[PDB]
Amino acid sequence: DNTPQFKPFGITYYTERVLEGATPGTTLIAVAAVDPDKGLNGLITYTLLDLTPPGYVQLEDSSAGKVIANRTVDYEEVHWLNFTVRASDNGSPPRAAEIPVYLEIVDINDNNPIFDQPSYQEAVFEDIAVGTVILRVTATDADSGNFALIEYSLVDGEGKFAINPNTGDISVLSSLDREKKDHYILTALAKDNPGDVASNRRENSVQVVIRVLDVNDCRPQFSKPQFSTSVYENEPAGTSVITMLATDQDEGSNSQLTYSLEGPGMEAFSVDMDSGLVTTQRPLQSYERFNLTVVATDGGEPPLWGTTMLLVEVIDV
């Protein structure tokens, strides 16, 4: 006439830690009760009750208190597997005892940081100030504690960009120049579990495009400061003299050039504003000598100019 008692004697409840992902059949906890009596009166049958939540645990067999994994548990869904163990003798009116079990699920680092976008992109002007934040990348991590802390890095900022390891803010580290490099495709990395060994850290990367927009910061240039040419005396107006060509490193209208003439010979010559072709406006006589100023002006606002000099001598036929 003794009721089964759980061991150790007077135990209020059982508890054990269980790693999430424990495979089915894995022993989660083993409990035991005793009944001093003889035969069926002292033969103990174990059952489980009130599985909260259900589906994750079962007794290996009803003859013992070994509890094994059924479905695998996910810490991201379940923090506690609670249930009751009933230990019943097999007597005529049976006597039984019941006790709670609390299995404490333990997080493992089974989720990677995952970026909130498939890629990132911004456009910035080439004169953007050093230190300016361009964009923020964000990843999220479904684990807990250190396993969900994220450290951002750039695989290679090229000395032009830097990322804040906490915020994911990508900033200008040194001055840009569209003319040197007009866009960047950077790899940003999110790595969890800071401070642990490389093998227990998970990561993902994403590509970040920064397109560098033009400012009109390059003036038109000629190849040298002095050109020289000759025109025959007594040639008609419209006679070709020379074609002038300047360069400009900017983009679009910022490097679209128009030519003009300046100074004491402008009236005797003309330059086609688009082609750079210089022609005479009249016949020249052999004594005449001109040092013209040729100007190339870009289409920026305000425009930039560059000049060169053009010596024109008139030769006898």
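Residue numbers here begin at 1 and follow the sequence given.
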On average, are the C-alpha B-factors higher in 138-146 or in 227-235?
227-235
Could you settle it for me: does 264-272 or 60-68 have the higher average Cα B factor in the PDB entry?
264-272
Between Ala123, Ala96, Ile114, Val133, where does the Cα B-factor run highest in the record?
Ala96
Among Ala33, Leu284, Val278, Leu28 - the residue whose C-alpha B-factor is largest in the record
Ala33
Grab the CA temperature factor for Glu301 from the record and place it in the lowest, middle or highest third of its chain.
highest
In terms of its chain's C-alpha B-factors, the third that includes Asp50 is the highest
B-factor third for the C-alpha atom of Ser240 within its chain:
highest
Is the Cα B-factor recorded for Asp107 in the lowest, middle or highest third of its chain?
lowest
Would you mind ranking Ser174 by its C-alpha B-factor against the rest of the chain and naming the third, lowest, middle or highest?
middle
